[PDB]
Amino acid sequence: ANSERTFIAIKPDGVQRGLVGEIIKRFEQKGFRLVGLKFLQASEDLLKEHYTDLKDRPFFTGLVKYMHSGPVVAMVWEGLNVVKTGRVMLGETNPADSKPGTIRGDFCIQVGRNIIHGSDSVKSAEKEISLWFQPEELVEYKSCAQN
């Protein structure tokens, strides 16, 4: 359980508003280990697969186009309960319901521009990780402290 991994993606608005370092800092100071990190403009096919459970939803077409309008930071973090805690750190889906102290609570307002994505479960994490990262891009090392 100490080696659980989650997928975190900084959406284009978050990149455009200069929030990459702030977001990464919150995961670092929390104690989670950085495993994968890349910067890319996600293709429309990749995004449709990423949000496949929401294709019939009314906001899907605009969601895929907005996630394609700019580059994203794709990340993998490792640690105990990182999936659930990552979701807690992110906030709620609607930033209006995200508490102060959370990433979405502190830094954004509207649900269509909520700066960050996080996996909802281990099953979604393993699917998102293998979708966004090849296995050789995931680094394994012993981060300090921890123990």
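In case it trips you up, residue 1 is the first one in the sequence shown, and so on.
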query: Selected stretch [higher average CA B-factor]: 55-63 or 25-33; finding: 55-63
query: Per the entry, higher mean C-alpha B factor between 15-23 and 132-140; finding: 132-140
query: Options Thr102, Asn81, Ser69, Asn94 - largest CA temperature factor per the record; finding: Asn94
query: Member of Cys108, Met89, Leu40, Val122 with the greatest C-alpha B factor (per the PDB record); finding: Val122
query: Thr6 - Cα temperature factor, lowest/middle/highest third of chain; finding: lowest
